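Working through the structure, step by step
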Amino acid sequence: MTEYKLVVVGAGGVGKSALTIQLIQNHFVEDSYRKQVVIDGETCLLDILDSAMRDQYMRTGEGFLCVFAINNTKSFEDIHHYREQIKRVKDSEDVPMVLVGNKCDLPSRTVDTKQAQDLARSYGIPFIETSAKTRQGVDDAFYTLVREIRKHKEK
Ligand SMILES: Nc1nc2c(ncn2[C@@H]2O[C@H](COP(=O)(O)OP(=O)(O)O)[C@@H](O)[C@H]2O)c(=O)[nH]1
Ligand SMILES: [Mg+2]
């Protein structure tokens, strides 16, 4: 079956681990994960990972979940750095990515959905708000990234 190498990036504390645990273990709170799921009918295995070893993992990774938290303006501002690093290490301008705004269950929002939608539009990538606590958007975020990887492999 097809294997998809995913890498989750973003500032500390945004919920990268919480998100992946919710996806894989189905509960709210390991540096890597491996599970078989069915996405759009295709059975596939998700291999997920949250200096030279970092670069190797980025070269191996086929899609990147770029995570900020809606209550962490710095983490949103840092997205550009993470995106630029991935493009540099992979030496490519077309890298499958999804922008994730996590912790959308919390009331302390400092990043407006519109800001994140505009950023994702500039990058040409999908944007999805998630909550690792309530599971809102979690499957959609990872499955959307897999769909982005497919389009890149087909087109
Ligand atoms: N309310 C809420 N807390 C979250 C969410 N995601 C993560 N957290 C909490 O944020 C803290 C940091 O999460 P963690 O997954 O360790 O962040 P990481 O450093 O990005 O891997 C923990 O206390 C989590 O329980 C979320 O969607 N909602
Ligand atoms: Mg973590």
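Rules used throughout
Residues numbered from 1 in each chain as written, not as in the entry; some residues may be left out. Chains lettered and ligands numbered in written order. Heavy atoms only, no water. Helix = DSSP H or I, 4+ residues; strand = E, 2+ residues; numbered from the N terminus. Rg over C-alpha atoms; globule rule 2.2 N^0.38 Å. Buried < 20%, exposed > 50% of the residue type's maximum accessible area, 1.4 Å probe, protein only. Areas by Shrake-Rupley, 256 points an atom, 1.4 Å probe, with all protein chains shown as cover. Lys, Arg positive; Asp, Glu negative; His and termini not counted. Charge placed at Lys NZ, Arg CZ, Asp CG, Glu CD. Pairing = 2+ DSSP bridges. Core = buried A, V, L, I, M, F, W, Y, C linked by side-chain atoms within 4.5 Å. Contact = heavy atoms within 4.5 Å. Polar contact = N/O pair within 3.5 Å; in protein donor to acceptor, adjacent residues only side chain to side chain. Near = heavy atom within 4 Å. Nonpolar A, V, L, I, M, F, W, Y, C, P; charged D, E, K, R; others polar.

The record lists X-ray crystallography as the method behind this PDB entry and 1.49 Å as its resolution.

Another aspect to go through is the overall build of the protein chain. When you go through the protein chain residue by residue, the secondary structure sums to 6 helices and 6 strands. Its helices and strands in sequence order give the protein chain the pattern β-α-β-β-α-β-α-α-β-α-β-α, from N to C terminus. Relative to a compact globule of 155 residues, whose C-alpha radius of gyration would be 15 Å, the protein chain shows 14 Å and is just as compact. When burial is assessed residue by residue, the protein chain has 50% of its 155 residues classed as buried. On the protein chain, roughly 7,800 Å² of surface is accessible, and the fraction owed to carbon and sulfur atoms is 47%. Here the protein chain contributes 22 positive and 23 negative side-chain charges, whose respective centroids are spaced 0 Å apart.

With that settled, the discussion passes to the pairing of strand β3 (residues 42-49). Successive side chains on a regular strand alternate, one facing one side of the sheet and the next facing the other. Two elements, strand β1 (residues 2-9) and β3, share 6 bridges in a ladder whose sense is parallel. Following the sheet pairing, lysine 5 is matched in β3 by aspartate 47. With 8 bridges joining them, strand β2 (residues 32-39) and β3 adopt antiparallel strand pairing. Paired with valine 37 across the bridge in β3 is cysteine 44.

The subject of this paragraph is the nonpolar core. Across soluble globular proteins, you tend to see nonpolar side chains buried next to one another. Within the largest apolar cluster, 53 residues are counted, with the highest numbers of intra-cluster contacts made by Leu46, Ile48, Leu65, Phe68, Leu99 and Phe142. When residues in this core are grouped by element, the largest group, 7 residues, is from helix α6 (residues 138-154). In this structure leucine 65 touches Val7, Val8, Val9, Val98, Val100, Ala141, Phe142 and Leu145, once residues within four positions along its chain are discounted.

What follows deals with the environment of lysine 90. The topology assignment puts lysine 90 in helix α4 (residues 79-90). Owing to a relative accessible area of 23%, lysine 90 belongs among the partly exposed residues under this scheme. Considering only alpha carbons, one finds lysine 90 and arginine 59, 31 residues apart in sequence, at a separation of 5.5 Å. Setting aside chain neighbours within four positions, we find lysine 90 in contact with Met58, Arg59, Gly61, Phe64 and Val95. A distance of 2.8 Å separates a polar atom in the side chain of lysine 90 from the backbone oxygen of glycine 61.

Residues in contact with ligand 1 amount to 18 residues; listed here are only the nearest, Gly13, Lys16, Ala18, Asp105 and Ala132. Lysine 16 is positioned such that a nitrogen or oxygen atom in its backbone is 2.9 Å from an oxygen atom of ligand 1. The fraction of the free accessible surface of ligand 1 (580 Å²) that becomes covered by protein chains is 73%. Its residues assigned to classes, the shell around ligand 1 comprises 7 nonpolar, 6 polar and 5 charged.

What follows deals with the environment of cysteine 66. Along the polypeptide, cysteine 66 turns up in strand β4 (residues 63-69). With a relative accessible area of 2%, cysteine 66 lands in the buried category. Distance in space between the C-alpha atoms of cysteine 66 and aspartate 78 is 9.9 Å, their sequence separation being 12 residues. Excluding residues that lie within four positions of it along the chain, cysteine 66 makes contacts with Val9, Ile79, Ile86, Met97, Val98, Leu99 and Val100.

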